[PDB]
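Engineer: My structure file data-v2.txt, compact mmCIF, C-alpha atoms, is below:
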```
# COMPACT_ATOMS: atom_id res chain seq x y z
CA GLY X 1 -3.70 -48.14 -68.39
CA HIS X 2 -0.70 -46.12 -69.47
CA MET X 3 0.07 -48.63 -72.27
CA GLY X 4 -1.91 -50.31 -75.03
CA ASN X 5 -1.43 -53.98 -75.82
CA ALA X 6 1.42 -53.41 -78.26
CA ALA X 7 3.41 -51.15 -75.95
CA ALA X 8 2.91 -53.36 -72.90
CA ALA X 9 4.08 -56.50 -74.70
CA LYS X 10 7.08 -54.69 -76.15
CA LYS X 11 8.14 -53.39 -72.74
CA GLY X 12 7.60 -56.78 -71.10
CA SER X 13 9.70 -58.41 -73.77
CA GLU X 14 12.43 -55.81 -73.40
CA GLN X 15 12.58 -56.35 -69.67
CA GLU X 16 12.81 -60.12 -70.12
CA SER X 17 15.68 -59.67 -72.59
CA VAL X 18 17.52 -57.65 -69.96
CA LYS X 19 17.21 -60.59 -67.58
CA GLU X 20 18.59 -62.95 -70.22
CA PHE X 21 21.55 -60.68 -70.91
CA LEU X 22 22.40 -60.24 -67.24
CA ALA X 23 22.27 -64.00 -66.59
CA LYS X 24 24.88 -64.59 -69.29
CA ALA X 25 26.95 -61.63 -68.11
CA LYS X 26 27.03 -62.99 -64.57
CA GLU X 27 28.15 -66.43 -65.76
CA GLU X 28 31.00 -64.77 -67.69
CA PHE X 29 31.95 -62.53 -64.76
CA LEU X 30 32.10 -65.36 -62.26
CA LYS X 31 34.47 -67.44 -64.41
CA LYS X 32 36.99 -64.56 -64.45
CA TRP X 33 36.29 -63.60 -60.83
CA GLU X 34 37.26 -67.12 -59.72
CA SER X 35 40.31 -67.48 -62.02
CA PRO X 36 41.78 -64.00 -62.53
CA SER X 37 44.39 -63.13 -65.14
CA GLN X 38 47.93 -62.18 -64.06
CA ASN X 39 51.28 -60.95 -65.40
CA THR X 40 50.39 -60.11 -69.00
CA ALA X 41 53.24 -57.62 -69.73
CA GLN X 42 56.32 -55.95 -68.22
CA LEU X 43 57.49 -52.41 -67.66
CA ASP X 44 60.23 -52.21 -70.29
CA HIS X 45 57.52 -52.75 -72.93
CA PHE X 46 56.37 -49.12 -72.51
CA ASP X 47 57.60 -45.53 -72.95
CA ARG X 48 56.63 -43.07 -70.21
CA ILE X 49 55.06 -39.86 -71.52
CA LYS X 50 52.94 -37.79 -69.10
CA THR X 51 50.85 -37.85 -65.91
CA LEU X 52 47.09 -37.58 -66.48
CA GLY X 53 45.70 -37.56 -62.92
CA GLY X 58 47.69 -43.60 -56.94
CA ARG X 59 48.92 -41.84 -60.09
CA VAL X 60 47.91 -42.41 -63.74
CA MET X 61 50.22 -41.60 -66.63
CA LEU X 62 50.17 -41.83 -70.39
CA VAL X 63 52.47 -44.52 -71.83
CA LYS X 64 53.23 -45.89 -75.31
CA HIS X 65 53.65 -49.62 -76.00
CA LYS X 66 57.00 -49.87 -77.78
CA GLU X 67 56.04 -52.62 -80.27
CA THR X 68 52.50 -51.57 -81.33
CA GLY X 69 52.73 -47.80 -80.85
CA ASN X 70 49.46 -47.98 -78.92
CA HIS X 71 48.97 -45.58 -76.04
CA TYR X 72 47.60 -46.57 -72.65
CA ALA X 73 46.88 -45.05 -69.26
CA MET X 74 49.03 -46.77 -66.65
CA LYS X 75 48.04 -46.65 -62.99
CA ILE X 76 51.12 -46.95 -60.77
CA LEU X 77 50.79 -47.93 -57.13
CA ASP X 78 53.64 -47.76 -54.64
CA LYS X 79 53.46 -50.97 -52.62
CA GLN X 80 54.88 -49.37 -49.47
CA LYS X 81 52.43 -46.44 -49.55
CA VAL X 82 49.53 -48.83 -50.20
CA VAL X 83 50.49 -50.70 -47.04
CA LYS X 84 50.93 -47.49 -45.05
CA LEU X 85 47.42 -46.33 -45.94
CA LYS X 86 45.94 -49.81 -45.29
CA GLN X 87 44.98 -50.06 -48.96
CA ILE X 88 46.28 -53.58 -49.75
CA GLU X 89 42.85 -55.14 -50.10
CA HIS X 90 41.49 -52.17 -52.08
CA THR X 91 44.24 -52.39 -54.70
CA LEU X 92 44.00 -56.18 -55.11
CA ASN X 93 40.23 -55.92 -55.32
CA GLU X 94 40.26 -53.11 -57.89
CA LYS X 95 42.43 -55.18 -60.24
CA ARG X 96 40.40 -58.32 -59.63
CA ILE X 97 37.18 -56.46 -60.54
CA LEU X 98 38.65 -54.78 -63.62
CA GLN X 99 39.91 -58.03 -65.10
CA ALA X 100 36.53 -59.75 -64.56
CA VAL X 101 33.96 -57.20 -65.78
CA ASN X 102 33.07 -56.42 -69.39
CA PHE X 103 30.72 -53.60 -70.40
CA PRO X 104 30.97 -50.87 -73.08
CA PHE X 105 31.04 -47.98 -70.57
CA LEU X 106 33.72 -49.43 -68.26
CA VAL X 107 37.30 -48.65 -69.13
CA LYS X 108 39.12 -51.89 -69.75
CA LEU X 109 42.23 -53.32 -68.13
CA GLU X 110 44.63 -54.24 -70.94
CA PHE X 111 47.68 -55.41 -68.95
CA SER X 112 48.79 -55.78 -65.37
CA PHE X 113 52.13 -56.66 -63.77
CA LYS X 114 54.33 -55.87 -60.80
CA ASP X 115 57.99 -55.47 -59.87
CA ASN X 116 60.05 -55.04 -56.71
CA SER X 117 58.51 -51.62 -55.84
CA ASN X 118 55.23 -50.99 -57.67
CA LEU X 119 52.00 -52.43 -59.02
CA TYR X 120 50.96 -51.50 -62.56
CA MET X 121 47.55 -51.51 -64.22
CA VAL X 122 47.64 -50.58 -67.91
CA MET X 123 44.21 -49.43 -69.09
CA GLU X 124 42.69 -48.07 -72.25
CA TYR X 125 43.65 -44.47 -72.83
CA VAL X 126 40.56 -42.30 -73.04
CA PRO X 127 41.84 -39.10 -74.63
CA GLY X 128 38.73 -36.89 -74.33
CA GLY X 129 39.39 -36.19 -70.65
CA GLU X 130 37.07 -36.09 -67.66
CA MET X 131 33.40 -35.11 -67.74
CA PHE X 132 34.40 -32.81 -64.86
CA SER X 133 36.48 -30.57 -67.16
CA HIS X 134 33.78 -30.43 -69.82
CA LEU X 135 31.02 -29.70 -67.30
CA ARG X 136 32.91 -26.92 -65.55
CA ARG X 137 33.83 -25.43 -68.96
CA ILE X 138 30.25 -25.33 -70.33
CA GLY X 139 28.69 -24.62 -66.92
CA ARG X 140 25.78 -27.01 -67.21
CA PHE X 141 24.57 -29.61 -69.68
CA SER X 142 21.18 -29.35 -71.36
CA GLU X 143 18.72 -31.95 -70.16
CA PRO X 144 19.05 -34.05 -73.35
CA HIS X 145 22.85 -33.93 -72.98
CA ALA X 146 22.69 -34.90 -69.31
CA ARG X 147 20.17 -37.64 -70.13
CA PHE X 148 22.47 -39.24 -72.72
CA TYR X 149 25.20 -39.59 -70.09
CA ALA X 150 22.79 -40.60 -67.33
CA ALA X 151 21.41 -43.43 -69.47
CA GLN X 152 24.89 -44.93 -69.76
CA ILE X 153 25.33 -44.80 -65.97
CA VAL X 154 21.91 -46.43 -65.46
CA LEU X 155 22.89 -49.33 -67.74
CA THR X 156 26.33 -49.62 -66.14
CA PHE X 157 24.86 -49.82 -62.61
CA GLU X 158 22.23 -52.29 -63.79
CA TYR X 159 25.14 -54.43 -65.00
CA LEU X 160 27.35 -53.98 -61.94
CA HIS X 161 24.55 -54.55 -59.43
CA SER X 162 23.54 -57.77 -61.16
CA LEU X 163 27.08 -58.95 -60.29
CA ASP X 164 26.57 -57.85 -56.65
CA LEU X 165 29.09 -55.05 -57.16
CA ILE X 166 28.49 -51.66 -55.55
CA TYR X 167 30.52 -48.92 -57.26
CA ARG X 168 30.57 -46.20 -54.54
CA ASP X 169 32.49 -43.42 -56.28
CA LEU X 170 30.29 -41.92 -58.96
CA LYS X 171 31.20 -38.30 -59.82
CA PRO X 172 32.13 -36.33 -62.96
CA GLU X 173 35.83 -36.63 -62.07
CA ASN X 174 35.59 -40.43 -62.59
CA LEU X 175 33.79 -40.33 -65.94
CA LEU X 176 35.92 -40.01 -69.07
CA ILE X 177 34.58 -39.07 -72.51
CA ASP X 178 35.82 -41.25 -75.35
CA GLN X 179 36.41 -40.36 -79.00
CA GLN X 180 32.77 -41.20 -79.85
CA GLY X 181 31.42 -39.02 -77.02
CA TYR X 182 30.41 -41.94 -74.79
CA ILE X 183 31.21 -42.36 -71.08
CA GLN X 184 33.97 -44.53 -69.66
CA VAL X 185 33.72 -45.15 -65.93
CA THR X 186 37.14 -45.22 -64.31
CA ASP X 187 38.44 -46.05 -60.86
CA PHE X 188 37.07 -49.09 -59.01
CA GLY X 189 39.08 -48.33 -55.88
CA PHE X 190 36.01 -48.30 -53.64
CA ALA X 191 33.92 -50.92 -55.42
CA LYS X 192 32.96 -53.97 -53.39
CA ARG X 193 31.24 -57.26 -54.13
CA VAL X 194 28.52 -57.39 -51.45
CA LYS X 195 25.33 -59.41 -51.62
CA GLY X 196 23.67 -57.74 -48.62
CA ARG X 197 24.83 -54.81 -46.51
CA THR X 198 28.18 -53.15 -45.93
CA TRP X 199 29.27 -50.34 -43.62
CA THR X 200 32.41 -48.59 -44.83
CA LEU X 201 32.39 -44.81 -44.76
CA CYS X 202 33.89 -44.21 -48.21
CA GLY X 203 33.21 -42.20 -51.34
CA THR X 204 33.21 -38.49 -52.05
CA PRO X 205 31.29 -36.19 -49.64
CA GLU X 206 28.90 -34.54 -52.10
CA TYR X 207 27.86 -37.95 -53.49
CA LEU X 208 27.32 -39.92 -50.25
CA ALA X 209 23.89 -41.26 -49.51
CA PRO X 210 22.49 -40.50 -46.01
CA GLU X 211 22.82 -44.11 -44.93
CA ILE X 212 26.56 -44.13 -45.68
CA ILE X 213 27.04 -41.15 -43.37
CA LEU X 214 24.86 -42.70 -40.68
CA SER X 215 26.12 -45.74 -38.73
CA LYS X 216 23.51 -48.04 -40.23
CA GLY X 217 24.59 -50.40 -42.96
CA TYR X 218 23.75 -49.83 -46.58
CA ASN X 219 23.37 -51.58 -49.91
CA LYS X 220 23.56 -50.99 -53.67
CA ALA X 221 20.86 -48.27 -53.39
CA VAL X 222 23.62 -45.81 -52.44
CA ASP X 223 24.65 -45.88 -56.12
CA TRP X 224 21.16 -44.80 -57.22
CA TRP X 225 21.33 -41.90 -54.76
CA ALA X 226 24.71 -40.99 -56.28
CA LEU X 227 23.12 -41.08 -59.75
CA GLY X 228 20.61 -38.50 -58.52
CA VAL X 229 23.50 -36.31 -57.36
CA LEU X 230 25.27 -36.75 -60.73
CA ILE X 231 22.18 -35.93 -62.81
CA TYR X 232 21.53 -32.87 -60.64
CA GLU X 233 25.13 -31.65 -60.99
CA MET X 234 25.16 -32.26 -64.77
CA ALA X 235 21.91 -30.32 -65.26
CA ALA X 236 22.52 -27.53 -62.68
CA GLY X 237 26.29 -27.11 -62.87
CA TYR X 238 26.62 -27.66 -59.10
CA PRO X 239 25.65 -30.52 -56.78
CA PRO X 240 22.50 -30.55 -54.62
CA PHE X 241 24.41 -30.54 -51.31
CA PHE X 242 27.55 -28.49 -50.74
CA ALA X 243 29.23 -26.49 -48.02
CA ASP X 244 32.70 -25.28 -47.05
CA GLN X 245 33.57 -28.47 -45.19
CA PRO X 246 32.45 -32.12 -45.46
CA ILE X 247 30.87 -32.15 -41.99
CA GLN X 248 28.37 -29.49 -43.05
CA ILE X 249 27.75 -31.28 -46.33
CA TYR X 250 26.82 -34.41 -44.38
CA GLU X 251 24.30 -32.45 -42.29
CA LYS X 252 22.58 -31.22 -45.45
CA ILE X 253 22.55 -34.70 -47.02
CA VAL X 254 20.96 -36.31 -43.97
CA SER X 255 18.30 -33.60 -43.86
CA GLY X 256 17.80 -34.32 -47.57
CA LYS X 257 16.06 -31.02 -48.29
CA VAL X 258 16.77 -30.63 -51.99
CA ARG X 259 15.98 -27.47 -53.92
CA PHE X 260 16.08 -27.18 -57.70
CA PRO X 261 17.06 -24.53 -60.26
CA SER X 262 14.06 -22.85 -61.84
CA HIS X 263 15.12 -24.16 -65.26
CA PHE X 264 14.79 -27.86 -64.28
CA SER X 265 11.90 -29.56 -66.04
CA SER X 266 9.08 -31.02 -63.95
CA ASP X 267 10.04 -34.52 -65.18
CA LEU X 268 13.63 -33.96 -64.01
CA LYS X 269 12.54 -32.74 -60.59
CA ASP X 270 10.27 -35.77 -60.17
CA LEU X 271 13.06 -38.20 -61.05
CA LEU X 272 15.51 -36.50 -58.71
CA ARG X 273 13.07 -36.44 -55.78
CA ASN X 274 12.72 -40.22 -56.26
CA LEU X 275 16.49 -40.84 -56.48
CA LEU X 276 17.48 -38.33 -53.77
CA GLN X 277 15.04 -40.00 -51.41
CA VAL X 278 16.24 -40.49 -47.84
CA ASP X 279 13.62 -43.21 -47.21
CA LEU X 280 14.95 -46.49 -48.54
CA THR X 281 11.44 -47.94 -48.88
CA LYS X 282 10.73 -45.22 -51.42
CA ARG X 283 13.96 -44.68 -53.37
CA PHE X 284 13.95 -45.58 -57.04
CA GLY X 285 16.26 -48.42 -57.84
CA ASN X 286 15.45 -50.00 -54.47
CA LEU X 287 11.78 -51.00 -54.95
CA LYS X 288 10.00 -54.12 -56.18
CA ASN X 289 10.26 -52.92 -59.80
CA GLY X 290 14.04 -52.44 -59.47
CA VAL X 291 15.85 -50.51 -62.18
CA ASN X 292 12.68 -50.31 -64.26
CA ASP X 293 11.30 -47.54 -62.07
CA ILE X 294 14.21 -45.47 -63.38
CA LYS X 295 14.28 -46.67 -66.98
CA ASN X 296 10.50 -46.20 -67.39
CA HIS X 297 10.43 -42.75 -65.80
CA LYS X 298 9.01 -39.93 -67.94
CA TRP X 299 12.38 -38.10 -68.02
CA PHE X 300 13.80 -41.11 -69.90
CA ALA X 301 10.81 -41.52 -72.26
CA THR X 302 12.93 -40.58 -75.32
CA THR X 303 15.81 -42.87 -74.38
CA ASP X 304 16.36 -45.88 -76.62
CA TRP X 305 18.11 -48.11 -74.08
CA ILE X 306 19.28 -50.70 -76.62
CA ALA X 307 20.61 -48.03 -78.98
CA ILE X 308 22.62 -46.49 -76.14
CA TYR X 309 24.10 -49.89 -75.26
CA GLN X 310 24.92 -50.52 -78.93
CA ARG X 311 26.51 -47.04 -79.10
CA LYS X 312 24.27 -46.16 -82.07
CA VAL X 313 22.94 -42.88 -80.61
CA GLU X 314 24.71 -39.76 -81.85
CA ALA X 315 26.57 -38.17 -78.95
CA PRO X 316 25.92 -34.53 -78.05
CA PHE X 317 29.63 -33.67 -77.83
CA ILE X 318 32.74 -35.15 -79.50
CA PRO X 319 36.07 -34.17 -77.86
CA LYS X 320 38.71 -32.63 -80.11
CA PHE X 321 41.10 -35.39 -81.22
CA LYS X 322 44.48 -33.77 -81.81
CA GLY X 323 46.49 -36.96 -82.26
CA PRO X 324 47.33 -40.45 -80.98
CA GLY X 325 49.04 -39.52 -77.71
CA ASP X 326 47.69 -35.99 -77.45
CA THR X 327 47.00 -34.77 -73.92
CA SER X 328 45.37 -31.38 -74.55
CA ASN X 329 42.10 -32.56 -72.95
CA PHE X 330 43.76 -33.15 -69.55
CA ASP X 331 45.10 -30.93 -66.80
CA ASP X 332 48.84 -30.73 -66.12
CA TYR X 333 50.33 -32.40 -63.04
CA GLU X 334 53.77 -32.39 -61.45
CA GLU X 335 55.95 -35.20 -62.80
CA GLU X 336 57.67 -37.78 -60.58
CA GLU X 337 60.35 -40.15 -61.85
CA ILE X 338 58.78 -43.56 -61.01
CA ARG X 339 61.50 -45.27 -58.95
CA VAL X 340 62.09 -49.03 -58.70
CA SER X 341 64.01 -50.46 -55.75
CA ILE X 342 66.73 -53.13 -56.03
CA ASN X 343 64.97 -55.02 -53.22
CA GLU X 344 61.49 -56.56 -53.44
CA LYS X 345 58.96 -54.84 -51.17
CA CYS X 346 55.83 -56.32 -49.57
CA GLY X 347 56.01 -59.44 -51.76
CA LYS X 348 53.82 -61.71 -49.62
CA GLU X 349 51.08 -59.08 -49.33
CA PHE X 350 50.70 -58.66 -53.12
CA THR X 351 51.05 -62.28 -54.33
CA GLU X 352 47.59 -62.24 -55.92
CA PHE X 353 48.21 -59.14 -58.04
CA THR P 1 22.22 -17.23 -55.39
CA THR P 2 22.90 -20.95 -55.09
CA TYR P 3 25.54 -20.73 -57.81
CA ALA P 4 27.24 -17.86 -55.98
CA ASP P 5 27.20 -19.96 -52.79
CA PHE P 6 28.77 -22.83 -54.73
CA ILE P 7 31.60 -20.56 -55.89
CA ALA P 8 32.07 -19.31 -52.35
CA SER P 9 32.21 -22.87 -50.96
CA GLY P 10 35.70 -23.56 -52.28
CA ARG P 11 34.59 -26.97 -53.55
CA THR P 12 34.37 -26.16 -57.25
CA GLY P 13 37.54 -28.09 -58.16
CA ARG P 14 38.19 -31.80 -58.29
CA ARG P 15 36.96 -33.49 -55.13
CA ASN P 16 38.91 -36.11 -53.25
CA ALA P 17 37.39 -39.30 -51.98
CA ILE P 18 37.42 -40.28 -48.32
CA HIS P 19 37.88 -43.66 -46.67
CA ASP P 20 37.32 -43.94 -42.90
```
Starting from the coordinates I provided, produce the structure as structure tokens.
Structural biologist:
Amino acid sequence: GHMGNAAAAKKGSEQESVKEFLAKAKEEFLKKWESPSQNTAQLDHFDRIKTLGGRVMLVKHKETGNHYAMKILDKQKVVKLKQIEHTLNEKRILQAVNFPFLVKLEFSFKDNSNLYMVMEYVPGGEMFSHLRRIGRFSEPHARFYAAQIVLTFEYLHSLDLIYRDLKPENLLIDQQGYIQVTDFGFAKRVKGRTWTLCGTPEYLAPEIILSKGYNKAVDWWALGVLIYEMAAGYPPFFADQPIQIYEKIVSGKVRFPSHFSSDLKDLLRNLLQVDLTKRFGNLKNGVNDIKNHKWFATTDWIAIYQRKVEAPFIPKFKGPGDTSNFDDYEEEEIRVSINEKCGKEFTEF
Amino acid sequence: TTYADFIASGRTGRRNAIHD
């Protein structure tokens, strides 16, 4: 076989320890899912500083000096775009999950006009900026990030959460060079199938585009897109307009740069697989088909989780509330009305 | 080249989500 006695027992043991971890993690998640936290701060506790990217801006807590990234949602706009459930759900998810590569919700509160989610500030900026700057990541570099996404999806899927918006724009690089997944706006707790057309065009699996329902395997497709884009510098399916992107996705004819390793191409053909009976992450062996793939042979999954692997790139840290790793955005004043708006709709926030 | 086509596509910047 591929493995001697020692290796087979070690791998079997490792896979059983994953099961044990996920069972405890689900117990912890469900307690917070069923009894969410609420109203843990208020707006006058913070100084406004700058917009980082709904709108997210850097703030400073006035008593501790700590900086945070505050997501501000206008209740009226949320209603107008039929986003009430999405915004309640995003906060409910963020307060219930716990994993080292998920950015954490530190406070949440609301007032007459807006909803506020105060999250960890991740000052290294988006993977997107770093990827476009360097062009493409080496395969070891891409693999380090990919391994964190694999573990994060293994975690989320065990909770019956589908993430549905993987892309470099939603991955922040922290001061140790590790990934922080941000934005759970399209995540959904689904035990079987769901149907919503949502996500970002380049990253949609064929079965999201098509009328048929879909499941958590769309996230493993999206991982294939992400690994391809990290290693190539561009995604596997693009075009001038989303409609033409969808046509290419559904055809699924993927071509690879000549510098891709054979192991990488094999992994991507198994993730970017139109046929759901064949796509890695969706088979009898589950996430192990991915974790045990040759391209990941050098990956120490526990060491990645423990954040003990040396990162390939450490962002420049220029100070506590420094913003030099982010783009500049137009600045709006953040207005609060004298009259409460949409109170009944946002009771649970 | 594929890279040149990517540049020409106009989708090299941040990409917005959809929800329909």
Engineer: Considering only C-alpha atoms, can you say which of X:207, X:318, X:88, X:324 comes closest to residue X:176?
Structural biologist: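 Ranking X:207, X:318, X:88, X:324 by distance to residue X:176, first place goes to X:318.
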Engineer: So how far away is atom CA of residue X:202 from atom CA of residue X:216, in Å?
Structural biologist: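 Going from atom CA of residue X:216 over to atom CA of residue X:202 covers 13.6 Å.
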Engineer: Please measure the separation of atom CA of residue X:28 and atom CA of residue X:163, giving the value in Å to one decimal.
Structural biologist: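 Result for atom CA of residue X:28 versus atom CA of residue X:163: 10.2 Å, one decimal.
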Engineer: For chain X, which residues have at least one atom within 7 Å of chain P, if we go by only C-alpha atoms? Write them as a PyMOL selection string, please.
Structural biologist: chain X and resi 173+201-204+238+243-244
Engineer: Work out how far apart atom CA of residue X:246 and atom CA of residue X:156 are and give it in Å to one decimal.
Structural biologist: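 Computing it gives 27.8 Å between the two atoms.
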Engineer: I'd like the neighbourhood of residue X:102 as a list in words, where a residue qualifies if any of its atoms comes within 12 Å (using all atoms listed in the file), though same-chain residues fewer than 6 positions away should be ignored.
Structural biologist: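 Here the answer would be residues 22, 24, 25, 26, 27, 28, 29, 30, 32, 33, 108, 109, 110, 156, 159, 160, 163, 184 and 185 of chain X.
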Engineer: Of the candidates X:291, X:100, X:126, X:119, which shows the shortest atom-to-atom distance to residue X:321, using all atoms listed in the file?
Structural biologist: X:126
Engineer: Tell me which protein, DNA and RNA residues are within 12 Å of residue X:171, counting all atoms listed in the file, leaving out same-chain ones fewer than 5 positions away, and put them as an MDAnalysis selection string.
Structural biologist: (chainID X and resid 130:133 135 149:150 153 176 183:187 203:208 223 225:234 238:239) or (chainID P and resid 14:17)
Engineer: Write out as an MDAnalysis selection string the residues lying within 12 Å of residue X:341, counting only C-alpha atoms and excluding same-chain residues fewer than 2 positions away.
Structural biologist: chainID X and resid 78:80 115:118 338:339 343:346
Engineer: For stretch 11-29 of chain X, where the input has fewer atoms than it should, I would like N, CA, C and O atoms rebuilt and written as a PDB file, in the coordinates of the input.
Structural biologist:
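Wrote it out as part-v9.pdb, contents follow:
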```pdb
ATOM      1  N   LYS X  11       7.381 -53.707 -73.939  1.00  0.00           N
ATOM      2  CA  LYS X  11       8.140 -53.390 -72.740  1.00  0.00           C
ATOM      3  C   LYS X  11       8.412 -54.650 -71.927  1.00  0.00           C
ATOM      4  O   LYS X  11       9.532 -54.862 -71.441  1.00  0.00           O
ATOM      5  N   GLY X  12       7.421 -55.523 -71.817  1.00  0.00           N
ATOM      6  CA  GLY X  12       7.600 -56.780 -71.100  1.00  0.00           C
ATOM      7  C   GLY X  12       8.694 -57.611 -71.722  1.00  0.00           C
ATOM      8  O   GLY X  12       9.533 -58.191 -71.039  1.00  0.00           O
ATOM      9  N   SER X  13       8.682 -57.673 -73.045  1.00  0.00           N
ATOM     10  CA  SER X  13       9.700 -58.410 -73.770  1.00  0.00           C
ATOM     11  C   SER X  13      11.085 -57.807 -73.545  1.00  0.00           C
ATOM     12  O   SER X  13      12.073 -58.529 -73.390  1.00  0.00           O
ATOM     13  N   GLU X  14      11.156 -56.487 -73.572  1.00  0.00           N
ATOM     14  CA  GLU X  14      12.430 -55.810 -73.400  1.00  0.00           C
ATOM     15  C   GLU X  14      12.982 -56.124 -72.027  1.00  0.00           C
ATOM     16  O   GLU X  14      14.187 -56.382 -71.864  1.00  0.00           O
ATOM     17  N   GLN X  15      12.103 -56.110 -71.029  1.00  0.00           N
ATOM     18  CA  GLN X  15      12.580 -56.350 -69.670  1.00  0.00           C
ATOM     19  C   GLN X  15      13.018 -57.806 -69.496  1.00  0.00           C
ATOM     20  O   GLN X  15      13.999 -58.085 -68.791  1.00  0.00           O
ATOM     21  N   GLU X  16      12.351 -58.742 -70.165  1.00  0.00           N
ATOM     22  CA  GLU X  16      12.810 -60.120 -70.120  1.00  0.00           C
ATOM     23  C   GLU X  16      14.149 -60.303 -70.834  1.00  0.00           C
ATOM     24  O   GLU X  16      14.980 -61.106 -70.393  1.00  0.00           O
ATOM     25  N   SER X  17      14.391 -59.564 -71.911  1.00  0.00           N
ATOM     26  CA  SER X  17      15.680 -59.670 -72.590  1.00  0.00           C
ATOM     27  C   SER X  17      16.799 -59.134 -71.713  1.00  0.00           C
ATOM     28  O   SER X  17      17.919 -59.652 -71.749  1.00  0.00           O
ATOM     29  N   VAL X  18      16.522 -58.106 -70.920  1.00  0.00           N
ATOM     30  CA  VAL X  18      17.520 -57.650 -69.960  1.00  0.00           C
ATOM     31  C   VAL X  18      17.906 -58.782 -69.025  1.00  0.00           C
ATOM     32  O   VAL X  18      19.090 -59.014 -68.748  1.00  0.00           O
ATOM     33  N   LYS X  19      16.908 -59.495 -68.499  1.00  0.00           N
ATOM     34  CA  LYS X  19      17.210 -60.590 -67.580  1.00  0.00           C
ATOM     35  C   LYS X  19      18.100 -61.630 -68.243  1.00  0.00           C
ATOM     36  O   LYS X  19      19.067 -62.118 -67.644  1.00  0.00           O
ATOM     37  N   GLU X  20      17.801 -61.964 -69.502  1.00  0.00           N
ATOM     38  CA  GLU X  20      18.590 -62.950 -70.220  1.00  0.00           C
ATOM     39  C   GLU X  20      20.036 -62.497 -70.392  1.00  0.00           C
ATOM     40  O   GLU X  20      20.983 -63.278 -70.195  1.00  0.00           O
ATOM     41  N   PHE X  21      20.218 -61.230 -70.745  1.00  0.00           N
ATOM     42  CA  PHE X  21      21.550 -60.680 -70.910  1.00  0.00           C
ATOM     43  C   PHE X  21      22.325 -60.731 -69.612  1.00  0.00           C
ATOM     44  O   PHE X  21      23.488 -61.126 -69.593  1.00  0.00           O
ATOM     45  N   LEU X  22      21.695 -60.303 -68.519  1.00  0.00           N
ATOM     46  CA  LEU X  22      22.400 -60.240 -67.240  1.00  0.00           C
ATOM     47  C   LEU X  22      22.759 -61.632 -66.722  1.00  0.00           C
ATOM     48  O   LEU X  22      23.789 -61.796 -66.052  1.00  0.00           O
ATOM     49  N   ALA X  23      21.941 -62.644 -67.021  1.00  0.00           N
ATOM     50  CA  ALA X  23      22.270 -64.000 -66.590  1.00  0.00           C
ATOM     51  C   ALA X  23      23.549 -64.476 -67.267  1.00  0.00           C
ATOM     52  O   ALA X  23      24.450 -65.029 -66.613  1.00  0.00           O
ATOM     53  N   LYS X  24      23.662 -64.238 -68.576  1.00  0.00           N
ATOM     54  CA  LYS X  24      24.880 -64.590 -69.290  1.00  0.00           C
ATOM     55  C   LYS X  24      26.063 -63.768 -68.797  1.00  0.00           C
ATOM     56  O   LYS X  24      27.168 -64.290 -68.632  1.00  0.00           O
ATOM     57  N   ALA X  25      25.854 -62.476 -68.572  1.00  0.00           N
ATOM     58  CA  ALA X  25      26.950 -61.630 -68.110  1.00  0.00           C
ATOM     59  C   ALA X  25      27.458 -62.076 -66.745  1.00  0.00           C
ATOM     60  O   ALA X  25      28.666 -62.003 -66.473  1.00  0.00           O
ATOM     61  N   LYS X  26      26.570 -62.560 -65.879  1.00  0.00           N
ATOM     62  CA  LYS X  26      27.030 -62.990 -64.570  1.00  0.00           C
ATOM     63  C   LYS X  26      27.830 -64.285 -64.678  1.00  0.00           C
ATOM     64  O   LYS X  26      28.849 -64.456 -63.994  1.00  0.00           O
ATOM     65  N   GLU X  27      27.372 -65.223 -65.516  1.00  0.00           N
ATOM     66  CA  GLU X  27      28.150 -66.430 -65.760  1.00  0.00           C
ATOM     67  C   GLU X  27      29.560 -66.084 -66.233  1.00  0.00           C
ATOM     68  O   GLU X  27      30.547 -66.652 -65.746  1.00  0.00           O
ATOM     69  N   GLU X  28      29.680 -65.139 -67.171  1.00  0.00           N
ATOM     70  CA  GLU X  28      31.000 -64.770 -67.690  1.00  0.00           C
ATOM     71  C   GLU X  28      31.844 -64.102 -66.610  1.00  0.00           C
ATOM     72  O   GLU X  28      33.038 -64.399 -66.470  1.00  0.00           O
ATOM     73  N   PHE X  29      31.233 -63.214 -65.831  1.00  0.00           N
ATOM     74  CA  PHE X  29      31.950 -62.530 -64.760  1.00  0.00           C
ATOM     75  C   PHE X  29      32.500 -63.524 -63.760  1.00  0.00           C
ATOM     76  O   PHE X  29      33.668 -63.445 -63.362  1.00  0.00           O
TER      77      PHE X  29
END
```
